[PDB]
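What follows is a single chain, given as C-alpha cells, in the form solved without the named molecule.
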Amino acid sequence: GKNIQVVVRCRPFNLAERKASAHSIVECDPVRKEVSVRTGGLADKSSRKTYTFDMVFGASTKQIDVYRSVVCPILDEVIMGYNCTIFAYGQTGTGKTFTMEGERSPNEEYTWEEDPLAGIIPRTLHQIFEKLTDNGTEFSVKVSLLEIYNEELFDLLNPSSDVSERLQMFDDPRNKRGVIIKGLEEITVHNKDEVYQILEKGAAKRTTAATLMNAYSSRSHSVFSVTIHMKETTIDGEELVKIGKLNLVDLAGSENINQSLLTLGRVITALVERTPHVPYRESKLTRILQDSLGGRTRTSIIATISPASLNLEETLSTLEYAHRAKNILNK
C-alpha cells in the first residue's frame, strides 16, 4: 500500500500584478502543510478556507526546492526499479508547464544543466546520468512524449515524422493495466550531452502542433516518460538487473469536450468513493495511465494555484479536487 501524495505549489505574482500592488489571497505554511485562502472578507476582517496536503510550496518556492523535496525521493525510487508518475494539475497560467519543464533564464545567462529555471524533466534527466554514470552501473535511458489532443495521440519527440500523424492504441494482452501505442518512439539518450537536443526537437514539434490545433498547449495532455534499464554490479560483485519508469504528465488546464480530463475526474471520484466500476476505459489518458491511478505505480500530484484574487474560484476548485485525490490507494 501507499496513498497518492498531493502537493500544492502557488506561483509568485508576475510584473503586471506586482506593479498593480496585488495582494495575495493565498497564504502557504509548509511546516503545517497548509494553504489558507481568503474567500471574500478583507485584509482587515476575513473568512478564510483551509486545506492540508502532503506538502505545500508557497509563492517563494524555487525550482531547486521542488526538485530536492519532491523529485529526488521519487527518482531514487524509480532507480530502485519502481514505476512512478507525477501529474501537474491546475488552471492555465498557474505553472504546470513551468513545474514540469521550466523556462530558460533570459539573455543566455546559463547553460541548460545549470539554469535555475529548469523544471522536473531536464533536472531529472541530468541527474539520472549524474547518479548512474559514476557509481558502477551499466544503464540505458529511453524517453518518449505522447500527447493527447481531442482523444487523438501524437508523438512529439520523433525527429523523422510529422506531428500531425496520429497513433493508434490497443490493449496489451501480456499485462492487463496495459496498452500498446503502435508507433510511439522511444528515443535512446546516450549521454547527458544528448539530452538538450532531443528536448529542442520536441519543442519545435510542439510549435507546429500548436499551429495545427487550437489552444493546443492548454487543451492537450502530455506524458513525458523515462525508462531506465540498469545492470548494476554492487561493490560485492553481485549483478542486479532492474527497470525503472517515470511518467511526467502535464495535464490540460482545469479551468471551466475534453474527454480525457472529464474521465480523469471521474476515475478519481470512483477511486476515492470506492465505486466498484472505475471508468478507465472511457478515455485515452486514463487507459494509458490506468496503473497510475489505484494501480501499482507510486503517484504524486502537484496542484498549481495562483495568488491573485481574480482566480479565487478556480483556485478553490483546484484545491478541492487535489484534496479529494489524497484518499486514493496505489500499491
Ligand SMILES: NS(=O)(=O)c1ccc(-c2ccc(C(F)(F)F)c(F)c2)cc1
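Heads up: residue numbers just count along the shown sequence, starting at 1. We call the rigid core the largest set of C-alpha positions that still match within 1.5 Å between the two forms.
Engineer: Taking the other compared PDB entries with both flanking residues modelled, is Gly90 unmodelled in at least a third?
Structural biologist: no, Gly90 modelled in all other entries.
Engineer: Checking the other PDB entries with both flanking residues built, is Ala43 absent in a third or more?
Structural biologist: Yes; at least one third of the other entries leave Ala43 out.
Engineer: Classify the number of deposited-sequence residues missing from the model between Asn256 and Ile257: none, 1 to 3, 4 to 9, or 10 or more.
Structural biologist: Per the record, 10 or more deposited residues are absent between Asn256 and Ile257.
Engineer: Per the PDB record, is the mean Cα temperature factor higher over 227-235 or over 81-89?
Structural biologist: Looking at the record's C-alpha B-factors, the answer is 227-235.
Engineer: Averaging CA B factors per stretch from the PDB record, which one is higher: 98-106 or 137-145?
Structural biologist: Mean CA B-factor is higher for 137-145.
Engineer: Among the choices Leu75, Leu153, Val241, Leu199, identify the one whose CA B-factor in the record is greatest.
Structural biologist: So the option with the highest C-alpha B-factor is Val241.
Engineer: For the CA B factor values reported in this entry, which option in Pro276, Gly265, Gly294, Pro279 has the top one?
Structural biologist: Of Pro276, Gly265, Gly294, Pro279, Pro276 has the highest C-alpha B-factor.
Engineer: Comparing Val8 with the other modelled residues of its chain, is its CA B-factor in the lowest, middle or highest third?
Structural biologist: For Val8, the deposited C-alpha B-factor lands in the lowest third.
Engineer: Compared with the other modelled residues in the chain, in which third is the CA B-factor of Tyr216?
Structural biologist: It falls in the bottom third of the chain.
Engineer: Sorting the chain's CA B-factors, does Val163 end up in the lowest, middle or highest third?
Structural biologist: Top third by C-alpha B-factor.
Engineer: Would you please rank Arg287 by its C-alpha temperature factor against the other modelled residues of its chain and give the third it falls in: lowest, middle or highest?
Structural biologist: Its C-alpha B-factor, which the entry lists for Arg287, ranks in the lowest third among residues of this chain.
Engineer: Sort the modelled residues of this chain by their C-alpha B factor and say whether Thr304 lands in the lowest, middle or highest third.
Structural biologist: Answer is lowest: the recorded C-alpha B-factor places it there.
Although it is not shown, the form deposited with the named molecule bound is what the next lines describe.
Engineer: Using a 4.5 Å heavy atom cut-off, indicate which stretch of 160-168, 134-142, 67-75, 247-255 touches the named molecule in the entry with it bound.
Structural biologist: Stretch 247-255 is the one.
Engineer: Taking the named molecule as it sits in the entry with it bound, is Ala303 in contact with it (heavy atom to heavy atom, 4.5 Å or less)?
Structural biologist: Flag for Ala303 set to yes.
Engineer: In the entry with it bound, is there a heavy atom of the named molecule that lies within 4.5 Å of any heavy atom of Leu264, even though the partner is absent here?
Structural biologist: Contact check for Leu264: yes, within 4.5 Å of the named molecule in the entry with it bound.
Engineer: Do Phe154 and the named molecule share at least one heavy atom pair within 4.5 Å in the entry with it bound?
Structural biologist: Output for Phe154 is no: heavy atoms all beyond 4.5 Å of the named molecule.
Engineer: So in the entry with it bound, is the named molecule close enough to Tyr89 to count as touching (4.5 Å, heavy atoms)?
Structural biologist: So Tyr89 counts as contacting the named molecule.
Engineer: Scan 310-329 and note down the residues that get a heavy atom within 4.5 Å of the named molecule in the entry with it bound; none is a fine answer too.
Structural biologist: If the 4.5 Å heavy-atom criterion is applied to the named molecule in the entry with it bound, 310-329 yields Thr318, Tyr321, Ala322.
Engineer: Once the rigid core is superposed, exactly one of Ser300, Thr297, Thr286, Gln63 has its CA displaced by 2 Å or more between the shown form and the other one; which residue is that?
Structural biologist: Residue with a C-alpha shift of 2 Å or more: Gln63.
Engineer: For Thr234, is the CA shift between the shown form and the other one at least 2 Å following rigid-core superposition?
Structural biologist: The answer is yes, as the C-alpha of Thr234 shifts between the shown form and the other one by 2 Å or more after core alignment.
Engineer: Given a core-based superposition, decide whether the C-alpha of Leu117 shifts by 2 Å or more between the shown form and the other one.
Structural biologist: Yes, shifts by 2 Å or more.
Engineer: Did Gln127 and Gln63 drift closer or farther in the entry with it bound, going by a CA distance change of 3 angstroms or more?
Structural biologist: Farther apart in the entry with it bound, by 3 Å or more.
Engineer: Look at the CA atoms of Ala118 and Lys142: state whether they lie closer or farther apart in the entry with it bound than in this form, given a difference of 3 Å or more.
Structural biologist: They are closer; the C-alpha distance drops by 3 Å or more in the entry with it bound.
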